[PDB]
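The figures that follow rest on heavy atoms only: side chains count, while hydrogens, waters and symmetry mates do not. Proteins get letters first, then strands, A, B, ... in listed order; numbering begins at 1 in each. For ligands, and for the atoms within them, numbers begin at 1 and follow the listed sequence.
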Amino acid sequence: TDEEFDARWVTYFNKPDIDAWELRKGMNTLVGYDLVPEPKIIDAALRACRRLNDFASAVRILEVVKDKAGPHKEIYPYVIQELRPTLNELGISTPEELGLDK
Amino acid sequence: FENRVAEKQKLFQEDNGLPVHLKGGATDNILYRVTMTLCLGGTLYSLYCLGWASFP
Amino acid sequence: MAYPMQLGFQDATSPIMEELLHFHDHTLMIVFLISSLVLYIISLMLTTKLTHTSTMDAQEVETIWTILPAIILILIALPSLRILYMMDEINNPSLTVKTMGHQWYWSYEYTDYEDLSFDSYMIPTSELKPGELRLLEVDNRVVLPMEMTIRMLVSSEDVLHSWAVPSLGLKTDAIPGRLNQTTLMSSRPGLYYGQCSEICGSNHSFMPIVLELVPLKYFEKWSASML
Amino acid sequence: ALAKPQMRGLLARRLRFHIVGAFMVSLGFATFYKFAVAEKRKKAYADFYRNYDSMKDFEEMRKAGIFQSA
Amino acid sequence: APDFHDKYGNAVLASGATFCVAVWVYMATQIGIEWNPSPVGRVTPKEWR
Amino acid sequence: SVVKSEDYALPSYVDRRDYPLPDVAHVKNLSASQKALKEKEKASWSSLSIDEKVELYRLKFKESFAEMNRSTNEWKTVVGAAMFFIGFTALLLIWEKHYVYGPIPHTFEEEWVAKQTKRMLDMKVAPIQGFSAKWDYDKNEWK
Amino acid sequence: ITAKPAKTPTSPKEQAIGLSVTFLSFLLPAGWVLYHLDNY
Amino acid sequence: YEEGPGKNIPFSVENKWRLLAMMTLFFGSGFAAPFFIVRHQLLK
Amino acid sequence: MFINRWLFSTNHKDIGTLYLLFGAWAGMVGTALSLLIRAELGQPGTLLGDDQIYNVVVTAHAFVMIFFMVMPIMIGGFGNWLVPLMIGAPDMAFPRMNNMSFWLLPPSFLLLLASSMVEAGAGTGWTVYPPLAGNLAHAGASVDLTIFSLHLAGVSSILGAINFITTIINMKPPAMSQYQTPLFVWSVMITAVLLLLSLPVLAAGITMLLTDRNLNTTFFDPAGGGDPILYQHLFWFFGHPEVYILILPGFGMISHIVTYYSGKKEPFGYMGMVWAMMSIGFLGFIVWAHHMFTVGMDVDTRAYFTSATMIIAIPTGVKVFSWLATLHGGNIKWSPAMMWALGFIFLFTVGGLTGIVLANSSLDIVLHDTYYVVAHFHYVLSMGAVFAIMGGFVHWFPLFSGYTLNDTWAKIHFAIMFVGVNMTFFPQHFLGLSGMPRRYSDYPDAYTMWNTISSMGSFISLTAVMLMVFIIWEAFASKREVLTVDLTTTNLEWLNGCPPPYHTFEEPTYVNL
Amino acid sequence: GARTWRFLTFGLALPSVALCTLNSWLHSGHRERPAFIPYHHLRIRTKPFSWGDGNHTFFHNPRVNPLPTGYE
Amino acid sequence: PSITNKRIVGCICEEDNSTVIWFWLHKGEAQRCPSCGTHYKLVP
Ligand code: HEA
Ligand code: HEA
Ligand SMILES: CCCCC/C=C/C/C=C/C/C=C/C/C=C\CCCC(=O)O[C@H](COC(=O)CCCCCCCCCCCCCCCCC)COP(=O)(O)OCCN
Ligand SMILES: CCCCCC/C=C\CCCCCCCCCC(=O)O[C@H](COC(=O)CCCCCCCCCCCCCCC)COP(=O)(O)OC[C@@H](O)CO
Ligand SMILES: CCCCCCCCCCO[C@@H]1O[C@H](CO)[C@@H](O[C@H]2O[C@H](CO)[C@@H](O)[C@H](O)[C@H]2O)[C@H](O)[C@H]1O
Ligand SMILES: CCCCCCCCCCO[C@@H]1O[C@H](CO)[C@@H](O[C@H]2O[C@H](CO)[C@@H](O)[C@H](O)[C@H]2O)[C@H](O)[C@H]1O
Ligand SMILES: CCCCCCCCCCO[C@@H]1O[C@H](CO)[C@@H](O[C@H]2O[C@H](CO)[C@@H](O)[C@H](O)[C@H]2O)[C@H](O)[C@H]1O
Ligand SMILES: C[C@H](CCC(=O)O)[C@H]1CC[C@H]2[C@@H]3[C@H](O)C[C@@H]4C[C@H](O)CC[C@]4(C)[C@H]3C[C@H](O)[C@]12C
Ligand SMILES: C[C@H](CCC(=O)O)[C@H]1CC[C@H]2[C@@H]3[C@H](O)C[C@@H]4C[C@H](O)CC[C@]4(C)[C@H]3C[C@H](O)[C@]12C
Ligand code: CUA
Ligand SMILES: [Cu+2]
Ligand SMILES: [Mg+2]
Ligand code: NA
Ligand SMILES: [Zn+2]
């Protein structure tokens with residue numbers, strides 16, 4: 001089920017001592033699925049980036065959410081909306097805020 | 001007859017850089033030259049024969 | 001004969017050729033539909049930025065991919081084989097004619113009653129009469145009775161040839177030492193053309209076939225006059 | 001605030017919609033081709049032969065001078 | 001930095017199209033090629049016998 | 001970041017939208033200020049400037065998604081050049097017609113075709129659909 | 001795929017020469033034969 | 001034996017103009033051959 | 001050093017290189033022959049001479065395209081380069097016998113060009129049917145030189161088939177089952193089995209023709225109790241498998257190219273693709289008499305050959321749909337190789353479908369020995385086998401050479417070739433339905449428009465062939481050296497670099513169970 | 001291996017059976033029974049059968065198996 | 001095992017996978033199959 005898939009992915013990224021290899025393996029595997037990851041999965045991946053002192057991977061994760069939405073332009077702005085509390089707490093700038101959408 | 005395979009093993013494993021078709025000694029070079037001369041000469045003769053047969 | 005810019009079959013002169021036209025229409029619809037569906041699916045696969053690159057399960061979809069084509073082949077085979085067996089059916093011909101292929105002309109033999117035989121050669125381009133067709137006219141046409149079942153027997157006295165008349169649905173190989181049989185029945189009078197249909201040397205392009213389909217009484221008087 | 005859009009199975013949903021669309025068009029083409037090609041041909045041959053007079057056709061060809069035998 | 005396509009693409013597309021049409025129209029209509037179109041709607045039949 | 005032929009067996013960098021986190025950083029060697037920037041990244045990201053964030057992105061990655069996915073004018077060059085070469089082909093066909101082909105047979109003369117057309121109508125060539133079917137025998141004209 | 005820049009770049013002029021020479025190597029000998037068919 | 005780009009081939013790519021000549025002769029001879037065979041058959 | 005390396009090779013890569021050079025030269029010969037055909041037919045009348053010179057050209061065109069261009073490139077070239085690399089093998093099982101498979105082809109080609117130079121050539125068709133091919137209607141050396149050409153090409157491919165089957169069965173990593181080998185490797189093993197079984201039957205038949213011509217045998221001569229139709233059975237017993245031999249390695253390359261440029265780790269339905277290729281290979285042995293529907297065989301025989309032939313559409317359909325399912329969800333890279341492969345899927349499907357039309361004996365009465373057959377086989381050969389060769393060539397050129405092509409030029413090349421082959425062959429359907437025979441130097445006036453258009457198409461294809469030579473020159477002229485190749489985790493042939501060292505897998509791969 | 005033999009079972013053997021089943025079910029229609037002729041080499045009776053009336057074969061089909069005296 | 005400082009590994013991640021995952025294993029810290037994460041260590 002959807003909730004069980006999402007829960008497995010939250011748990012994957014929430015592992016306190018997740019390493020760089022595991023972060024990459026996770027995101028590179030997740031983007032193979034026919035879905036845009038739920039905000040709760042992205043939140044857990046962005047907090048993994050924080051534990052791994054990797055600002056750049058956090059920005060790249062936001063880019064790949066936009067990319068997985070394809071022509072469905074409503075999905076990315078929705079996900080960013082849901083992540084705003086996490087982005088503010090962690091000081092993650094969006095690709096748009098960094099000019100990396102040009 | 002007596003088993004002289006060990007003496008042929010020593011000859012063919014000698015560290016002399018020769019390819020296997022020449023590693024038996026000077027006789028291999030001779031038979032190689034006879035073979036390749038007949039092949040190349042024969043091929044040139046086959047081309048002459050085509051030239052001849054190509055006209056009435 | 002064919003006409004300029006022709007796309008399809010020559011108009012049917014015999015019932016079996018009529019049957020082949022309707023069978024081709026049915027098959028061509030299927031060819032059009034499958035070609036179209038493949039091109040459309042290619043264009044569908046290639047027009048989205050959405051992705052799914054993880055392993056995909058094959059077995060459910062492979063049922064559709066094999067059953068639907070199997071059904072389509074059966075829907076071709078059924079009418080295909082009905083026509084195959086219809087051409088083979090026993091018919092009782094009224095007349096037997098032989099043709100012998102030669103380099104590079106046809107001879108015809110009508111030997112049911114009298115010894116009638118003649119050679120049939122292409123009219124050279126420089127000897128065509130005004131209105132006559134380049135590479136298709138012969139000096140001596142194969143005169144035959146219209147609306148009658150005719151047995152044609154085909155052989156060769158040299159290399160392979162093949163005796164073809166597209167508008168009657170006919171093509172029978174001309175093999176030395178072999179007597180091949182076909183049946184011919186024209187629904188109409190007229191002139192029906194074909195061309196040698198097995199590579200047979202220097203003048204393979206230049207040994208055509210002309211049938212002249214006329215009432216029985218005309219065929220009888222022509223036959224008598226050709227002895 | 002923006003509504004939660006559908007985020008899952010968007011490729012599968014596009015595929016399903018368009019294969020169904022292709023099936024429907026396939027049935028539209030088959031009906032069209034039945035009417036513009038297959039049936040047109042059955043009716044052309046049936047109309048030609050319904051009152052066809054082969055002897056009158058022959059007489060026309062004969063009078064035009066086309067035959068060796070007549 | 002603009003690449004070859006940015007700089008020359010418009011001219012290659014416009015020139016290529018113009019050239020292709022011009023030379024095929026000339027080849028098709030001006031040098032005596034016999035296309036042998038259908039006589040239907042085109043030729044007035046004439047007595048042959 | 002200079003990539004060397006002799007490096008083919010080592011993990012390499014890629015910009016692919018389906019492989020967002022590649023196996024190595026775009027930039028491996030750090031200057032003094034780039035070392036201080038990676039130390040600052042261990043503290044709150046709120047304390048990084050926009051420029052410092054862009055600099056951290058560009059050490060990790062070569063192109064952004066927007067850059068790697070951009071459209072190009074290449075289609076103009078491809079279609080234009082194809083039409084040029086197809087145009088060139090017509091020059092070969094003009095040359096062939098002028099210097100290789102002799103006259104076509106006399107059966108294509110206008111008067112021959114007019115007579116042959118009547119003879120085809122007199123023999124009722126393709127009278128059901130193909131040819132004579134398009135002739136009006138009552139009015140003596142094409143339908 | 002990624003690749004190095006050309007070790008020996010082929011300029012547009014150099015490409016026009018290569019393309020010209022390539023085409024002529026196909027077209028001149030065949031053209032000579034076909035032009036002379038009548039004589040054959 | 002020499003290894004690497006331009007060395008695993010029986011022809012030299014050291015000079016692009018010598019290569020153009022060699023390629024011209026190679027593909028050109030293949031394309032020409034049938035025209036010269038037809039000429040040969042026509043001249044008997 | 002040069003002689004030891006290029007005349008005395010025992011190296012799978014160098015031998016693959018020799019095959020690709022040989023095949024490229026052969027393709028220029030076959031192209032010239034195709035243009036002479038279309039020059040003769042491009043206006044009504046006679047350009048060259050009568051049907052003899054014309055059919056010498058047609059016959060040579062077919063032999064060169066099949067035996068000297070497609071088979072050497074697909075099997076000798078791509079097979080030798082890629083098969084060992086894709087299974088982590090250090091070379092072929094019989095690296096010295098491999099070199100003799102290659103060196104038999106120049107002599108084979110020399111005998112074919114000798115056939116065309118002596119007497120009046122072999123104007124027989126590539127089928128070489130008696131009695132036209134016999135010692136009365138083709139007196140003199142031409143047909144014997146053609147038979148001997150076929151014998152040497154036959155031996156080349158039989159020894160090559162023994163080499164590929166042995167290598168693919170015996171030289172994989174010990175943990176790798178046959179169901180862990182890439183589809184291209186399967187496509188070559190199955191092709192090799194077809195060659196092993198079919199070519200000896202051709203050898204027997206053309207040997208009988210040789211003895212009828214020179215030793216007063218009468219296998220095919222009714223005066224001695226022989227039968228011309230026996231030759232046809234023996235030829236086509238080989239000839240139908242031969243067309244599956246021509247396309248199978250193309251199927252394998254298409255699977256790799258579609259997978260690669262879809263950004264996938266694997267083709268859709270691997271075991272289905274293996275099943276489909278084995279099914280096509282098997283069914284390809286039990287259908288040959290669909291080449292003989294007009295010779296006078298019994299109705300039930302015609303019914304069997306119709307049905308058995310149509311069955312091939314089922315496994316072939318699984319492959320077409322599996323290629324589409326591989327594209328599905330891909331990160332599509334619009335490389336020149338992908339364009340060739342997408343053209344392949346569509347145009348191969350169209351030619352396969354006109355083959356299903358021909359499989360119907362009743363309809364084949366009217367289509368046999370017409371341009372409808374010519375249209376069918378050029379869709380599957382000149383737009384199928386050739387598109388797979390061009391896709392494979394542009395995809396793997398950087399592996400083989402260590403240099404990149406100009407992708408813009410390669411896309412131009414694709415566009416020109418696509419227009420030319422369709423303009424050439426699409427109108428031949430109309431010529432076939434309307435009754436234009438095969439092996440004609442000239443046609444009734446009604447067929448002029450479609451013959452004119454077809455010939456114009458052939459000239460566009462010539463322009464594409466000339467541009468291809470320029471494009472290869474430009475790559476070697478510019479020397480852009482390969483750096484990184486994506487997806488090496490599922491494309492082992494790239495993992496030793498570009499080009500790979502002379503010796504690869506001296507230390508074999510580690511694969512555990 | 002078992003994998004190979006399963007592949008042959010489902011990929012070749014059962015497809016063959018399915019095609020022969022289709023072939024057979026297309027020619028399953030009842031054929032026209034032939035005129036009865038009381039041939040002395042057929043319908044042999046040297047001893048009555050040990051069942052029924054002694055004159056019917058074990059899998060006697062009235063439609064296609066005539067008795068010595070003809071069709072029932 | 002290796003006689004050099006790198007060797008190609010093929011990983012059949014799950015029994016009967018048709019897809020083999022190929023990568024260079026280098027002398028030093030254990031590396032992971034990029035598909036299944038299985039650890040491999042070179043012992044030169
Ligand atoms: C690569 C070469 C190649 C290939 C692969 C084929 C494949 C096929 N060929 Fe062809 N053929 C030739 C090359 C080839 N052919 C040559 C050279 C000749 C002439 C020989 C000579 O006389 O010189 C010829 C001649 C030839 C004839 C003899 C015609 C005659 O001379 O009168 C026939 C008869 O059945 C035939 C049929 C087929 C069929 C049914 C296939 C099948 O394998 C096609 C199967 C593919 C598909 C059907 C398309 C994909 C399938 C789907 C999308 C699924 C759905 C489809 C359906 C439901 C129908 N071909
Ligand atoms: C592979 C097989 C193949 C290929 C590709 C072709 C390609 C072409 N063929 Fe032909 N052809 C046949 C096999 C082939 N043919 C056969 C078997 C016959 C029957 C013979 C008989 O009746 O006995 C035939 C017959 C035939 C006829 C009928 C003749 C007649 O009945 O009188 C015609 C008519 O136009 C024709 C034309 C062409 C044309 C214009 C091309 C063009 O499309 C060709 C264009 C050029 C290419 C496609 C390039 C080829 C080169 C390469 C791919 C080299 C690549 C280099 C590298 C990879 C480095 N061919
Ligand atoms: C469906 C698949 C096959 C089924 C097999 C058989 C089923 C029933 C019988 C079982 C035993 C079979 C063994 C062979 C013996 C003889 C006859 C069997 C073949 C059979 O069943 O034949 C039937 C006749 O059976 C008859 O007479 C009567 C048969 C019954 C009496 C048989 C008595 C003879 C026993 C001999 C035993 C000898 C053992 C040898 C031992 C050797 C040791 C050294 C045929 O039917 P029918 O109406 O004539 O024609 C059909 C017309 N519609
Ligand atoms: C009209 C006249 C036309 C006739 C044309 C004749 C053509 C060519 C002339 C042939 C010259 C033959 C010379 C000897 C060839 C020996 C090949 C051989 O014996 O090949 C072996 C492999 O084939 C094997 O075993 C098993 C296979 C052995 C095959 C032996 C040679 C057969 C040649 C004729 C075959 C025709 C097929 C007949 C059926 C139609 C060895 O492989 P290598 O790679 O060498 O070594 C590998 C090393 O590990 C060995 O230590
Ligand atoms: C390593 C190098 C390879 C060796 C190449 C050898 C080439 C030299 C061979 C000699 O040439 C011969 O010439 C004879 C002419 O005297 C021919 O006789 C034959 O042809 C004669 C010509 O009249 C006829 O009398 C007879 O058929 C017959 O004697 C014969 O065909 C041919 O062999
Ligand atoms: C009759 C047969 C004729 C064949 C005609 C061939 C047409 C030639 C196409 C070349 O044009 C380019 O094609 C690229 C791909 O090759 C496009 O990539 C762009 O669009 C793609 C989106 O589909 C993306 O994958 C790329 O990232 C992106 O840069 C690019 O913009 C476009 O100008
Ligand atoms: C199917 C492949 C071929 C397609 C068509 C090829 C296109 C032709 C390319 C040019 O070929 C040349 O044409 C010249 C004429 O334009 C010929 O010169 C001939 O004509 C000239 C002008 O009349 C004279 O000056 C020359 O002496 C005389 O050889 C010349 O020999 C020939 O090489
Ligand atoms: C004496 C000799 C010993 C061989 C040896 O051990 O070296 C023997 C062993 C077997 C003998 C051979 C076999 O007995 C078979 C053959 C028998 C004939 O009577 C003589 C030749 C013949 C071919 C023998 C020749 C020779 O005498 C051989 C070879
Ligand atoms: C059993 C075998 C291998 C499975 C495996 O071990 O992985 C598989 C591979 C391809 C399969 C076949 C193909 O998918 C084509 C057919 C698909 C139909 O849905 C069933 C029969 C059908 C003929 C399949 C039977 C069987 O499932 C096959 C033959
Ligand atoms: Cu007689 Cu062809
Ligand atoms: Cu076949
Ligand atoms: Mg035939
Ligand atoms: Na001509
Ligand atoms: Zn793994």
Side-chain angles (χ1 to χ4, degrees), chain B residues 12 20-21 33-49 52-53, chain C residues 125 134-135 204-206, chain E residues 34, chain F residues 100-102 104-105, chain G residues 37, chain I residues 8-12 15 36-51 53-55 57-58 90-105 107-108 111 144-167 170-171 195-207 209-211 214 234 238 436 439-445 447-448 451-452 454-455:
Chain B
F12 286 100
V20 70
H21 69 283
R33 283 190 286 261
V34 167
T35 308
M36 188 63 67
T37 301
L38 289 176
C39 285
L40 293 178
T43 295
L44 286 176
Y45 181 58
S46 76
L47 294 173
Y48 167 83
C49 287
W52 192 94
Chain C
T125 296
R134 205 177 65 87
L135 312 191
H204 167 57
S205 302
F206 309 120
Chain E
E34 180 52 69
Chain F
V100 180
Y101 286 143
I104 59 157
Chain G
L37 274 180
Chain I
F8 300 175
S9 187
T10 58
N11 182 266
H12 75 100
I15 289 165
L36 285 155
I37 294 177
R38 288 259 52 110
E40 181 61 68
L41 295 176
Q43 81 165 27
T46 292
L47 176 67
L48 301 180
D50 68 19
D51 293 322
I53 184 172
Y54 176 73
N55 280 312
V57 169
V58 168
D91 210 280
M92 300 286 289
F94 314 127
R96 170 181 46 218
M97 191 168 78
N98 194 22
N99 200 44
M100 189 169 65
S101 283
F102 176 71
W103 283 111
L104 282 165
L105 293 185
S108 180
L111 295 165
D144 296 322
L145 287 161
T146 304
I147 293 172
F148 292 136
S149 177
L150 287 169
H151 277 148
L152 295 210
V155 171
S156 173
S157 284
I158 289 165
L159 301 185
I162 293 168
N163 219 331
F164 278 112
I165 298 162
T166 301
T167 300
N170 193 50
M171 296 181 70
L195 282 166
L196 192 78
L197 298 179
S198 60
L199 277 167
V201 179
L202 175 67
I206 64 179
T207 300
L209 181 62
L210 183 74
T211 67
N214 297 287
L234 293 173
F238 153 77
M436 184 186 168
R439 292 149 171 186
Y440 273 30
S441 64
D442 196 12
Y443 44 77
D445 293 2
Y447 299 113
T448 292
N451 277 288
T452 303
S454 179
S455 292

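Considering CZ of I:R439 and OH of I:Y54, their distance stands at 10.0 Å, rounded to 0.5 Å. How far CG of I:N170 is from CE of I:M92: 12.0 Å, rounded to the nearest 0.5 Å. Distance check, rounded to the nearest 0.5 Å: CG of I:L197 to CZ of I:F238 gives 12.5 Å. The line from CG of I:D445 to CG of C:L135 is 7.0 Å long, rounded to the nearest 0.5 Å.
Looking at ligand 5, you won't find any N or O of B:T37 less than 3.5 Å from one of its N or O atoms.
Minimum interatomic distance between I:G205 and I:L234 (heavy atoms only, all atoms of both residues): CA-CD1, 4.0 Å. Contact between I:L41 and I:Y440 at its shortest, heavy atoms only, is CD2-O, 3.3 Å. Shown here for I:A93 and I:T167, the closest heavy-atom pair between the two residues is N-OG1, 2.9 Å. Across all their heavy atoms, F:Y101 and I:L47 have their closest contact at CD2-CD1, 4.2 Å. In this structure, I:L199 and I:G154 approach most closely via the heavy-atom pair CD1-O, 3.8 Å.
Per-atom contact check: atom 2 (C) of ligand 5 touches the protein, criterion being a heavy-atom distance below 4.0 Å. Closer than 4.0 Å to atom 7 (C) of ligand 5 lies at least one heavy atom of the protein. For atom 32 (C) of ligand 5, a protein heavy-atom neighbour is present inside the 4.0 Å cut-off. When distances from atom 22 (C) of ligand 5 to the protein are checked, no heavy atom turns up under 4.0 Å.
A donor atom on one side chain and an acceptor atom on the other are found under 3.5 Å apart for I:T207 and I:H151. For the residue pair I:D51 and C:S205, a side-chain donor N or O sits within less than 3.5 Å of a side-chain acceptor on the partner.
Within ligand 5, the atoms closer than 4.0 Å to a non-hydrogen atom of B:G42 are 3 (C), numbered from 1 in the order shown.
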Pick out the protein N or O atoms lying less than 3.5 Å from any N or O of ligand 4, and list each pair with its distance.
residue: ligand 4; atom: 44 (O); partner: I:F94; partner atom: O; Å: 3.4
residue: ligand 4; atom: 44 (O); partner: I:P95; partner atom: N; Å: 3.3
residue: ligand 4; atom: 44 (O); partner: I:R96; partner atom: N; Å: 3.0
residue: ligand 4; atom: 44 (O); partner: I:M97; partner atom: N; Å: 3.0
residue: ligand 4; atom: 45 (O); partner: I:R96; partner atom: NE; Å: 2.8
residue: ligand 4; atom: 45 (O); partner: I:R96; partner atom: NH2; Å: 3.2
residue: ligand 4; atom: 46 (O); partner: I:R96; partner atom: NH2; Å: 3.1

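Around the Na ion (ligand 13), the protein N, O or S atoms found under 3.0 Å comprise I:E40 O, I:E40 OE2, I:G45 O, I:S441 O.
Annotation: atom 10 (C) of ligand 5 to nearest protein heavy atom, B:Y45 OH, 4.3 Å.
Put simply, the side chain of I:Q43 never gets that close to the backbone of I:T448: no donor and acceptor are under 3.5 Å apart. Remark: side-chain polar atoms of I:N214 are paired, donor with acceptor, to backbone N or O of I:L210 under 3.5 angstrom.
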